[PDB]
Every structure is written in C-alpha cells, then in structure tokens.
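*Asks:* Below is the file start07.cif, with mmCIF, N, CA, C and O atoms.
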```
data_protein
loop_
_atom_site.group_PDB
_atom_site.id
_atom_site.type_symbol
_atom_site.label_atom_id
_atom_site.label_comp_id
_atom_site.auth_asym_id
_atom_site.auth_seq_id
_atom_site.Cartn_x
_atom_site.Cartn_y
_atom_site.Cartn_z
ATOM 1 N N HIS A 1 21.369 -4.563 -17.508
ATOM 2 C CA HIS A 1 22.787 -4.898 -17.592
ATOM 3 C C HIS A 1 23.579 -3.834 -16.850
ATOM 4 O O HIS A 1 23.117 -2.697 -16.723
ATOM 5 N N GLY A 2 24.742 -4.199 -16.356
ATOM 6 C CA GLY A 2 25.579 -3.263 -15.678
ATOM 7 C C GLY A 2 26.650 -3.955 -14.883
ATOM 8 O O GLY A 2 27.366 -4.824 -15.416
ATOM 9 N N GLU A 3 26.737 -3.615 -13.620
ATOM 10 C CA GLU A 3 27.737 -4.143 -12.711
ATOM 11 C C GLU A 3 27.244 -3.914 -11.277
ATOM 12 O O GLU A 3 26.154 -3.353 -11.085
ATOM 13 N N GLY A 4 28.019 -4.297 -10.289
ATOM 14 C CA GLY A 4 27.579 -4.168 -8.909
ATOM 15 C C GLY A 4 27.948 -2.834 -8.281
ATOM 16 O O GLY A 4 28.569 -2.799 -7.217
ATOM 17 N N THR A 5 27.557 -1.748 -8.911
ATOM 18 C CA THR A 5 27.873 -0.423 -8.413
ATOM 19 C C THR A 5 26.943 -0.026 -7.278
ATOM 20 O O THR A 5 27.380 0.169 -6.136
ATOM 21 N N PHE A 6 25.672 0.066 -7.575
ATOM 22 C CA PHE A 6 24.737 0.550 -6.621
ATOM 23 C C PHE A 6 23.689 -0.504 -6.396
ATOM 24 O O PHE A 6 22.948 -0.866 -7.304
ATOM 25 N N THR A 7 23.666 -1.021 -5.218
ATOM 26 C CA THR A 7 22.748 -2.049 -4.865
ATOM 27 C C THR A 7 21.581 -1.469 -4.046
ATOM 28 O O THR A 7 20.503 -2.027 -4.030
ATOM 29 N N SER A 8 21.790 -0.289 -3.476
ATOM 30 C CA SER A 8 20.846 0.337 -2.532
ATOM 31 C C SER A 8 19.509 0.813 -3.160
ATOM 32 O O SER A 8 18.735 1.513 -2.507
ATOM 33 N N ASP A 9 19.244 0.434 -4.398
ATOM 34 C CA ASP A 9 17.984 0.770 -5.049
ATOM 35 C C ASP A 9 16.853 0.044 -4.367
ATOM 36 O O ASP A 9 16.881 -1.184 -4.254
ATOM 37 N N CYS A 10 15.856 0.786 -3.952
ATOM 38 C CA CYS A 10 14.738 0.251 -3.193
ATOM 39 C C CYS A 10 14.001 -0.822 -3.990
ATOM 40 O O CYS A 10 13.738 -1.927 -3.485
ATOM 41 N N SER A 11 13.752 -0.532 -5.254
ATOM 42 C CA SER A 11 13.071 -1.436 -6.136
ATOM 43 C C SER A 11 13.895 -2.709 -6.322
ATOM 44 O O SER A 11 13.358 -3.810 -6.391
ATOM 45 N N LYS A 12 15.201 -2.539 -6.308
ATOM 46 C CA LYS A 12 16.141 -3.601 -6.524
ATOM 47 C C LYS A 12 16.205 -4.482 -5.278
ATOM 48 O O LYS A 12 16.276 -5.700 -5.379
ATOM 49 N N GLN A 13 16.135 -3.863 -4.101
ATOM 50 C CA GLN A 13 16.145 -4.597 -2.863
ATOM 51 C C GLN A 13 14.860 -5.398 -2.705
ATOM 52 O O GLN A 13 14.862 -6.515 -2.170
ATOM 53 N N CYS A 14 13.777 -4.840 -3.181
ATOM 54 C CA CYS A 14 12.514 -5.533 -3.172
ATOM 55 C C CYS A 14 12.512 -6.666 -4.189
ATOM 56 O O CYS A 14 11.979 -7.733 -3.923
ATOM 57 N N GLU A 15 13.159 -6.467 -5.333
ATOM 58 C CA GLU A 15 13.253 -7.531 -6.324
ATOM 59 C C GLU A 15 14.151 -8.668 -5.838
ATOM 60 O O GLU A 15 13.961 -9.822 -6.218
ATOM 61 N N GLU A 16 15.122 -8.341 -4.985
ATOM 62 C CA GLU A 16 15.932 -9.368 -4.345
ATOM 63 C C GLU A 16 15.117 -10.091 -3.283
ATOM 64 O O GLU A 16 15.385 -11.241 -2.951
ATOM 65 N N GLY A 17 14.133 -9.406 -2.754
ATOM 66 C CA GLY A 17 13.257 -10.005 -1.796
ATOM 67 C C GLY A 17 13.623 -9.673 -0.381
ATOM 68 O O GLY A 17 13.375 -10.461 0.521
ATOM 69 N N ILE A 18 14.235 -8.534 -0.165
ATOM 70 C CA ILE A 18 14.551 -8.134 1.167
ATOM 71 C C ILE A 18 13.672 -7.033 1.699
ATOM 72 O O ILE A 18 12.690 -7.319 2.378
ATOM 73 N N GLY A 19 13.986 -5.787 1.394
ATOM 74 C CA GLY A 19 13.183 -4.687 1.925
ATOM 75 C C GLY A 19 13.392 -4.524 3.426
ATOM 76 O O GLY A 19 12.590 -3.911 4.121
ATOM 77 N N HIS A 20 14.478 -5.084 3.894
ATOM 78 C CA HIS A 20 14.858 -5.108 5.285
ATOM 79 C C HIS A 20 16.002 -4.148 5.454
ATOM 80 O O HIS A 20 16.918 -4.198 4.660
ATOM 81 N N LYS A 21 15.945 -3.291 6.490
ATOM 82 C CA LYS A 21 16.952 -2.213 6.732
ATOM 83 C C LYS A 21 16.724 -1.068 5.775
ATOM 84 O O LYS A 21 17.516 -0.132 5.692
ATOM 85 N N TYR A 22 15.603 -1.116 5.091
ATOM 86 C CA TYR A 22 15.280 -0.163 4.068
ATOM 87 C C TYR A 22 13.929 0.425 4.415
ATOM 88 O O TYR A 22 12.886 -0.134 4.061
ATOM 89 N N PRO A 23 13.926 1.539 5.156
ATOM 90 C CA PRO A 23 12.696 2.148 5.707
ATOM 91 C C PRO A 23 11.760 2.711 4.639
ATOM 92 O O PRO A 23 10.606 3.034 4.902
ATOM 93 N N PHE A 24 12.262 2.795 3.454
ATOM 94 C CA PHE A 24 11.538 3.302 2.322
ATOM 95 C C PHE A 24 11.075 2.172 1.416
ATOM 96 O O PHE A 24 10.523 2.415 0.343
ATOM 97 N N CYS A 25 11.251 0.940 1.858
ATOM 98 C CA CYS A 25 10.882 -0.198 1.036
ATOM 99 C C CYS A 25 9.852 -1.087 1.707
ATOM 100 O O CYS A 25 10.190 -1.934 2.548
ATOM 101 N N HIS A 26 8.605 -0.850 1.402
ATOM 102 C CA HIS A 26 7.534 -1.726 1.816
ATOM 103 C C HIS A 26 7.063 -2.457 0.583
ATOM 104 O O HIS A 26 6.401 -1.871 -0.289
ATOM 105 N N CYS A 27 7.447 -3.697 0.465
ATOM 106 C CA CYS A 27 7.176 -4.455 -0.727
ATOM 107 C C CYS A 27 6.538 -5.809 -0.400
ATOM 108 O O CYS A 27 6.127 -6.049 0.749
ATOM 109 N N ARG A 28 6.418 -6.666 -1.398
ATOM 110 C CA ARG A 28 5.790 -7.969 -1.240
ATOM 111 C C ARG A 28 6.853 -9.050 -1.090
ATOM 112 O O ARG A 28 7.208 -9.732 -2.058
#
```
When written as structure tokens, how does the structure in this file appear?
*Replies:*
Amino acid sequence: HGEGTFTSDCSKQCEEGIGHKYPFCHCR
C-alpha cells in the first residue's frame, strides 16, 4: 500500500514487466 511516490524501484519495474531503460534490471 502507498501512493505513486517512487516508481523507479527495479523490482517494481520488473513486476510491471518492463526492465527497460533500467540497466540494473534484468528480469523475466
């Protein structure tokens, strides 16, 4: 729970299914 403060979380970007523009995010 929370709000849209910080979206730049690597794990979060991977859970969104991107990992794009994120050099530290190699995900599935």
*Asks:* Which residues would end up in the selection if the PyMOL selection byres (((chain A and resi 26 and name CA) around 12) and name CA) were applied here, given that I need the answer as a PyMOL selection string?
*Replies:* chain A and resi 10-11+13-15+17-25+27-28
*Asks:* What does the structure give for the distance between atom O of residue 16 in chain A and CA of residue 2 in chain A, in Å to one decimal?
*Replies:* 18.2 Å
*Asks:* Apply DSSP to the structure's backbone, then extract all residues of chain A labelled alpha helix (DSSP H) and return them as a list in words.
*Replies:*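 Assigned to alpha helix (DSSP H), within chain A: residues 10, 11, 12, 13, 14, 15 and 16 of chain A.
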*Asks:* Next, dump the selected residues to file, keeping only N, CA, C and O atoms, as a CSV table (one decimal), keeping the file's coordinate frame.
*Replies:*
```
chain,number,residue,atom,x,y,z
A,10,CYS,N,15.9,0.8,-4.0
A,10,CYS,CA,14.7,0.3,-3.2
A,10,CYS,C,14.0,-0.8,-4.0
A,10,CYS,O,13.7,-1.9,-3.5
A,11,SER,N,13.8,-0.5,-5.3
A,11,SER,CA,13.1,-1.4,-6.1
A,11,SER,C,13.9,-2.7,-6.3
A,11,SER,O,13.4,-3.8,-6.4
A,12,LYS,N,15.2,-2.5,-6.3
A,12,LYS,CA,16.1,-3.6,-6.5
A,12,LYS,C,16.2,-4.5,-5.3
A,12,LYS,O,16.3,-5.7,-5.4
A,13,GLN,N,16.1,-3.9,-4.1
A,13,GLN,CA,16.1,-4.6,-2.9
A,13,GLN,C,14.9,-5.4,-2.7
A,13,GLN,O,14.9,-6.5,-2.2
A,14,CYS,N,13.8,-4.8,-3.2
A,14,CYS,CA,12.5,-5.5,-3.2
A,14,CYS,C,12.5,-6.7,-4.2
A,14,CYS,O,12.0,-7.7,-3.9
A,15,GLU,N,13.2,-6.5,-5.3
A,15,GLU,CA,13.3,-7.5,-6.3
A,15,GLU,C,14.2,-8.7,-5.8
A,15,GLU,O,14.0,-9.8,-6.2
A,16,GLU,N,15.1,-8.3,-5.0
A,16,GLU,CA,15.9,-9.4,-4.3
A,16,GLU,C,15.1,-10.1,-3.3
A,16,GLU,O,15.4,-11.2,-3.0
```
*Asks:* Return as lines of an AutoDock Vina configuration file the box centre and box size in Å, one decimal, for an axis-aligned box around all listed atoms of range 11-26 of chain A padded by 3 Å per side.
*Replies:*
```
center_x = 12.0
center_y = -4.0
center_z = 0.1
size_x = 17.1
size_y = 20.5
size_z = 19.3
```
